[PDB]
4 protein chains.
Amino acid sequence: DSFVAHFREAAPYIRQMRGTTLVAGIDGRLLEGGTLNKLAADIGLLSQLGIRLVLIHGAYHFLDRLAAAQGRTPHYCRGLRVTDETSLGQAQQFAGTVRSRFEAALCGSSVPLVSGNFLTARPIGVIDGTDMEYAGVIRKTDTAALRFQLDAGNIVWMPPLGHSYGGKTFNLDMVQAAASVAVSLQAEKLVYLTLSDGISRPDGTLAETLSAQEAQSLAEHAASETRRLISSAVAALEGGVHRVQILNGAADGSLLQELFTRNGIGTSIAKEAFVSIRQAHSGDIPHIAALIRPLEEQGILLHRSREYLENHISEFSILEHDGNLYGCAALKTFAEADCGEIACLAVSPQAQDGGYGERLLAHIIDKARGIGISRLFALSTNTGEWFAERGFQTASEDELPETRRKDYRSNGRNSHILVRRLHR
Amino acid sequence: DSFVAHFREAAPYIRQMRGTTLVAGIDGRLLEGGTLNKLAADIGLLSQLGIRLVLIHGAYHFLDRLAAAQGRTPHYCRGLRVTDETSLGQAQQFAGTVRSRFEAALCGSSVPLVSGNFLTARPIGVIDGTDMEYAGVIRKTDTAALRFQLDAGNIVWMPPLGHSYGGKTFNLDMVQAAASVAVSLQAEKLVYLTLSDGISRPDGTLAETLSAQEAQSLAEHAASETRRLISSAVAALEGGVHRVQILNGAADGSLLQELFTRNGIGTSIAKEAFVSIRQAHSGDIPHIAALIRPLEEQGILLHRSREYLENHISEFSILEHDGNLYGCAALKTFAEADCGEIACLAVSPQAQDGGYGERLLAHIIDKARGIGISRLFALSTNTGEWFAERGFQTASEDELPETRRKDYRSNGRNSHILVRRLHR
Amino acid sequence: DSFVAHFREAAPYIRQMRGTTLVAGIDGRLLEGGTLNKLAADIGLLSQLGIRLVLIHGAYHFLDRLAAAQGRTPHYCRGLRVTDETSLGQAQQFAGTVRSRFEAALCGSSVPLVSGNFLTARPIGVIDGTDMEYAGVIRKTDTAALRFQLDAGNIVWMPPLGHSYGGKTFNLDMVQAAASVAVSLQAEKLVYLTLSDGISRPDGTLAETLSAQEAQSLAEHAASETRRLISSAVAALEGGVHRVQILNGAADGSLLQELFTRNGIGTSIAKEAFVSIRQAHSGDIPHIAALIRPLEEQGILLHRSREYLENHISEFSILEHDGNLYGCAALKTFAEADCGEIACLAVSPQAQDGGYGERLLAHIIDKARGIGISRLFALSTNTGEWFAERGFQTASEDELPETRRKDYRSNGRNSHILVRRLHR
Amino acid sequence: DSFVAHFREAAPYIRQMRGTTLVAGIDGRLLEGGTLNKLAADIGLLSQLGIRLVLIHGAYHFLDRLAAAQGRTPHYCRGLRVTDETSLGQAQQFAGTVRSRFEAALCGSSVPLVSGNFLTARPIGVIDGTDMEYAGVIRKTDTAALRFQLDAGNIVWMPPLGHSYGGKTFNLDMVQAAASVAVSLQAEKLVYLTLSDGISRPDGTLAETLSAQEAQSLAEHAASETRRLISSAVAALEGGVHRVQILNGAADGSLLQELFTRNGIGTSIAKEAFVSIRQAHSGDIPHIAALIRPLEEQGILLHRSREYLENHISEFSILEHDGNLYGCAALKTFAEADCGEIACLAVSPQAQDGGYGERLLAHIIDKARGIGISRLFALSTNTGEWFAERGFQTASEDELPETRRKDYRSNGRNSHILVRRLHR
Ligand SMILES: CC(C)(COP(=O)(O)OP(=O)(O)OC[C@H]1O[C@@H](n2cnc3c(N)ncnc32)[C@H](O)[C@@H]1OP(=O)(O)O)[C@H](O)C(=O)NCCC(=O)NCCS
Ligand SMILES: CC(C)(COP(=O)(O)OP(=O)(O)OC[C@H]1O[C@@H](n2cnc3c(N)ncnc32)[C@H](O)[C@@H]1OP(=O)(O)O)[C@H](O)C(=O)NCCC(=O)NCCS
Ligand SMILES: CC(C)(COP(=O)(O)OP(=O)(O)OC[C@H]1O[C@@H](n2cnc3c(N)ncnc32)[C@H](O)[C@@H]1OP(=O)(O)O)[C@H](O)C(=O)NCCC(=O)NCCS
Ligand SMILES: CC(C)(COP(=O)(O)OP(=O)(O)OC[C@H]1O[C@@H](n2cnc3c(N)ncnc32)[C@H](O)[C@@H]1OP(=O)(O)O)[C@H](O)C(=O)NCCC(=O)NCCS
Ligand SMILES: N[C@@H](CCC(=O)O)C(=O)O
Ligand SMILES: N[C@@H](CCC(=O)O)C(=O)O
Ligand SMILES: N[C@@H](CCC(=O)O)C(=O)O
Ligand SMILES: N[C@@H](CCC(=O)O)C(=O)O
């Protein structure tokens, strides 16, 4: 395609990403070849786009290309490397090699890059009778010092090394470290730059987009490395990171493609928040009435009635949290088998703006599609934009199902009519 | 002595040092033993005293304990190490070992420590037909980024490594690098932490305090290493650093002793600014008269006269810059061979507050001492504090030389009389 | 001792004190002699160490050296001086004498000193049928204006005088005023600079360190002046000040000695927060089990069992607040009468980091010492640092009590073993 | 008049005064009666109007009501009070009485008031054989600390007391002190609040407004007190203060009346900057031509000619600084004896915007009025607003002098015509 077209395509993603925090967990093998040069350039570009950037790299594989290729075997109790004094010292050497390399590649492809004593570590201790030695986990992260650097526009570079109150240095696991730092920062995004195209489905295909539940159910039959990825990704989400992404940092330009295109390569994982929505039953009616009545009083919701609701309760859905009712919505059907109507949509005023409405509309379109409905109408006197911004197109009265058209005419309400087309 | 006494002794030096910038050039051998632990603690303390701190270390000796002890000989065209790709890579490893070590020693003896891509380097090129390879000299220092970190209270850590626009890393000479960074920052103080007690005199004794001229004349007969120290120290001073100090960072606690005691160990070098002061001659008189006359009009300076000055010109000194006269002072003598008087002290109003006065008083006490005078009087109607703050003690009229006592009585001026005791 | 040694001794206290707020309540007799010069110097030094400083002085004794020595007797309903218009006016004169004196002593031993209209006062009214006249108590303190000055580095000087909405000035009690200002600032430290070596015990000895409970029980048999000191000190602590100290500002250098040495002269008072820890009984077991079980599931705590706990309940302690259980710990004993083991230490995750653990360990060492135990072991797979940072030294398996050594061998857990030596 | 009218009258002066610095030198007798209450209220109001306020008071008269009324006579070598240790101590007492009084009066008529160690003093020494003792003059003012307080909105209160490096306090002369502080701040305004209606003319009348030259020539025959006022006022102006005002702080509301009405009570002194304007002669013509020619080329200035100028040189004025010509303007006359025209007005582009034009117009209206002209025309193609904003009203062609009307018609230029009426 054309430059202008590509750039106008990127523009909304640039808008979304600007001023947000991205923690990048970087596989240490990427900092070794000329994939390094490609990466510094793309990270330099991200810097230039107003993205706050914290980069953390791994060391394990480099240590093994020093260990294994020597006559010493690494031990990996839960993927956590046992790391002795000699391995610890190598990691310190590698971390300096790598930060220097990155800095040089960034200077030749002027972007401020900073590193500091941000992590305080503790040893993992003893996993399964096996002393883990210098394998440490982040005990405290200096969030104030980090924010202060990101705020000034600095790129933050972190090795997989933390120090302790006992004046020791510990070896950190990168995959776990990035997710920990990401949660501490409440980073909007965690990115793992791996050697893999992302997480694959049981049928072999690349999982473009996953819920944390979907991710979780895949780990049941997944290799060790990818199980740990998921575990860290899920804990990040649960800890407040908005989105976790898995990419192949060996695929030239994949970071740009992931962040700035609708399509995006790799795997994207996000947490589905908890909103129990269920078929309404008999006992819901007073809760539904109390919610609906103010609105029916205001001329926003059509007048219902204890009897209407009792005899049509099956067409209502209700949204609940801790026994508390907070929303409702009905699916009305017609002689036209293809047609449905979202009716009686309502969120308690105290619970609004937090997405509850959208979840009710979604649940009802799932229900509508479940029964063969490809066309979903909404009629509203005062609330038409909400629908128009969520996939509804203006429609005319002559377009309604015949019986609805008749109610509409005799109403006098002249409500706006919108239709959304539901895919098979 | 007692704690309270020691601490009250330190207090003025703490006051002087607070909020000032100190660049520490650190010999790489100090970061190797438990002298490291001692150093982090003392630097941590300096941090806590509101000193802005930039630390730079060397690598040469570590590289040789890797080179020489391998079967490769280092070459040192002007003390500048030829550094190939393999040596460059080692320096990157060492710099990571050392920054990690320092960070750990600082954490266990919470003080924010930061490092960044502050230096951009260029290669030295070819010294004397000898390709110097990866030996680079600082081309640009990011002074804004540095100030921003020091201002926030961060300790700044720098390796002896700069990068270039060509995406290469270069090996920097520490002694030269610190002096360059120090000038860029206009640091009040540069400290070299060496393995030596400082700079020695021709008679073998430690030069406690040196002018840059004194330092310069010592290099004539000095070993190579100490010649380079001086050269860098002198260029720092000439470049605006206020004071350069040389210490043995192997002498436990020497950094504290140097910064916070009157005595201070090690060598201190400062630049004597240019103030040509000479015996007045015949042709000076109009310049002297024009200066003196306003003051004599105001009742601050005793009335002189073209004839007085013509017949006493030999007792005047004058301070000049670019042919321009800016100050004068006279030495009056008495029948009491031990007694002198500083007379007719005056700095042009446009040239005041810049130390000119003090240099005139000093020059005259040097002249007074040259002729056997151990007691120097100053009489002033309005300017008595200036003398009292520069070593003069209140005296009485009955204490004057006899003939001066007589002039004083018949004057009516009742000027304050102060005496300073001049040492033999 | 040596300078370096003294200064390295001070360094941790300098670190702790930097950027903290200290409110100094100063007896007015200290501002009268050359103890004034000593004090300005030490307060100047504290300024230079990044301590935020609010100074308040008293006036009572000066007023009496004007009253009593005139033919007027002061009346002191609860140590609160009745203060008429004539006494009020003297206090205004004294406050100006004293602020000028202090300012001059500070300038000659450049440190910014500021004072302002920070206190608004109200009269105390009528104590016990006795009109108290111009004796006022702080009604409002301008905390924003105060913070603004401390933040800029200014020393804050306050007289014992507040003004009112009725355009009157009132006489404040210093001891009460400092404690009020200290609470308003949530100052980490309140210091009273008195003419006494601090608070004495019933046996005559100087109470180096007191809890607020200890302070309280001393007042039962204490002189009036010291009763009021305690009362104000205790209310400061209860109001959020971290530590209150009582010193003799007539003992040359005592402020430095108190703030910057382990030993410290004078009396230190701190509030013991509320943590009810008691012998576990039968009914605690479900609460203990629920806490312990997650941890035993994770391989951090040895598997217990409803029966184990039922038959060993006497060796458990539990920490509770509002009936809620938040922590537990057991003392295990051995055939070696000198040996104990802290077992089953656990704080609810929701209640962690707030010191609960430390209080459980302390309680158990108190229990261990109560039965003759001088050696206390801790064995931990993942939690060994916590112990090592709280006085435990690494030990070997051959060092365990014999039966514990046997369990340890057959476990397979390879837990780290640490010992703490308990003093008699 | 009406409130709305008064307030709309004040509005431009409020606009001018907002964010400006005013140093108020306050006679110590004003802080003694209920003139104090009036003053705090008016100063409180000024605070509320965004005026940055530095207040300094005197003490002399209070000291004499303590001296003279005791049996000790004050000595006043140049109006500078000899002040011994006993007088110095009284001044410290008075300064505290007075600051407390002011603070209380300000609180009861919430406005932040701050004072600090801003002045460092030196003794005056010996005037005329007379030791002046504790009479000190400001040696250094802490301008940074002062700006920092004014910037935060604080009112700054200063006593007439400075301290020295020798740990002494000195007695400052208020009149001199305010003018010194005012210059240090480059205050736009210095106000002296005296017991007099301002400076009187030789004919007895109150000098409403004076140049510094006018002020200077009045001192020739003026009382001592008013001579010193002038001397300080003039040195303030010369030192960069924009305006000095003298008022009676005993005239209820005079500070408001001076600052916020066109009329304003009291005396106002301002420095006439140096702009030598003289009759042009023969040798000026090339300088005039070079200036005029660019403009005549642009169609802004009517074409002149070496001959025109040679034969009309007497009607030109020229503005010069250091021999350099920077402006010119001509006065054209007509058969109508009442009519004049400002012709050929021009300032060198490099010297514009600095008031030169206005001074040329003024000089020519002075010349026009000197010969009986009450009507002054300006004709301009592109520059008509400049005139309209400096007192010119639009006029028509039928309104020109007859011969000018004829030139105007045949020109084709259609320049805008404006007239200013010159008062007799
Ligand atoms: C429209 C409604 C159901 C939305 O419920 P919700 O819980 O807020 O749903 P969401 O949080 O997913 O959507 C919230 C967004 O919808 C927008 N919105 C709400 N009412 C709107 C309206 N009347 N017109 C346009 N937009 C509206 C909100 O302003 C909010 O904007 P934001 O994305 O810029 O923050 C609303 O809460 C409601 O119940 N209104 C009265 C009942 C009603 O009108 N029902 C049905 C319409 S026929
Ligand atoms: C006193 C004088 C000679 C100082 O010359 P100088 O070039 O300023 O000398 P320095 O720069 O070394 O000293 C400057 C310091 O002296 C201080 N000083 C100057 N005059 C002073 C005085 N009259 N009283 C007290 N201190 C004074 C300045 O304020 C300045 O203070 P700082 O250290 O706080 O900045 C002054 O310039 C002068 O010539 N005054 C008139 C002549 C006179 O009085 N001569 C002789 C005295 S008998
Ligand atoms: C170790 C434990 C008992 C501490 O309880 P607590 O209520 O937090 O006790 P305190 O608040 O007095 O101590 C808190 C400090 O201990 C530190 N700490 C906690 N776990 C640690 C560990 N595993 N390793 C090192 N330090 C640790 C905390 O990080 C905190 O650090 P800070 O001083 O830097 O803030 C922890 O709460 C716990 O119960 N962990 C699981 C149970 C366990 O391991 N029990 C016994 C060990 S055999
Ligand atoms: C008009 C002129 C003589 C003003 O001289 P000057 O030295 O700037 O005079 P002042 O400094 O007293 O007045 C400066 C103010 O006049 C304003 N001014 C200048 N030219 C102006 C114009 N053409 N229209 C409106 N206002 C103008 C300036 O913008 C400045 O504005 P400020 O008060 O908002 O800063 C101008 O310099 C000049 O010589 N212009 C070309 C010659 C010309 O037009 N001459 C005569 C007019 S027939
Ligand atoms: N959508 C509203 C009715 C609005 C209308 O039909 O005008 C409801 O379901 O009650
Ligand atoms: N020191 C001044 C004279 C002052 C005096 O003697 O009173 C001078 O040398 O002229
Ligand atoms: N301290 C743990 C046991 C850990 C171990 O012995 O390895 C407990 O008391 O249960
Ligand atoms: N005022 C201009 C002439 C402009 C005009 O008359 O149009 C001059 O004096 O030359």
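The figures here come from the full heavy-atom set of this structure, side chains too, leaving out hydrogens, waters and symmetry mates. Convention: sequence-line order gives letters A, B, ...; per-chain numbering from 1. Start at 1 and go down the list; that is how both ligands and their atoms are numbered.
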Practice task
Please work out whether the ring planes of D:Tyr326 and D:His321 are parallel, tilted or perpendicular, with thresholds of 30° and 60°.
Solution key: tilted

Practice task
Step through it carefully: locate the ring centre of D:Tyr13, locate the ring centre of D:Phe260, and say whether they are under 6.0 Å apart.
Solution key: no

Pick out the protein N or O atoms lying less than 3.5 Å from any N or O of ligand 4, and list each pair with its distance.
| residue | atom | partner | partner atom | Å |
| --- | --- | --- | --- | --- |
| ligand 4 | 7 (O) | D:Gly357 | N | 3.0 |
| ligand 4 | 8 (O) | D:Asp353 | N | 3.0 |
| ligand 4 | 9 (O) | D:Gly357 | N | 3.2 |
| ligand 4 | 11 (O) | D:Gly355 | N | 2.8 |
| ligand 4 | 12 (O) | D:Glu358 | N | 3.1 |
| ligand 4 | 13 (O) | D:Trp386 | NE1 | 3.2 |
| ligand 4 | 16 (O) | D:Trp386 | NE1 | 2.9 |
| ligand 4 | 37 (O) | D:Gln352 | OE1 | 2.8 |
| ligand 4 | 39 (O) | D:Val347 | N | 3.1 |
| ligand 4 | 39 (O) | D:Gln352 | OE1 | 3.3 |
| ligand 4 | 44 (O) | D:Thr383 | OG1 | 2.5 |
| ligand 4 | 45 (N) | D:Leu345 | O | 2.5 |

Problem - Electrostatic pair D:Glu320:D:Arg278 at N-O distance under 4.0 angstrom - result: yes

Practice task
Please check if any side-chain donor atom of B:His416 sits under 3.5 Å from a side-chain acceptor atom of B:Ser380, or the reverse.
Solution key: no

Problem - B:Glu389 (side chain) donor-acceptor with B:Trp386 (main chain) under 3.5 angstrom - result: no

Practice task
Would you mind checking if D:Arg262 and D:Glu9 are paired as a salt bridge, meaning a charged N to carboxylate O distance below 4.0 Å?
Solution key: yes

Problem - Sidechain-backbone polar pair: B:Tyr356 side chain, B:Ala346 backbone, donor-acceptor under 3.5 Å - result: no

Problem - Carboxylate-amine/guanidinium proximity below 4.0 Å for B:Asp353 and D:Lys140 - result: no

Problem - Close residues, ligand 8: non-hydrogen atom nearer than 4.0 Å - result: D:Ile300, D:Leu301, D:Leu302, D:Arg304, D:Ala343, D:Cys344, D:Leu379, D:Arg404, D:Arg413, D:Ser415

Handout entry: D:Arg413 CZ: over 12 foreign heavy atoms closer than 6.0 Å
Key = yes

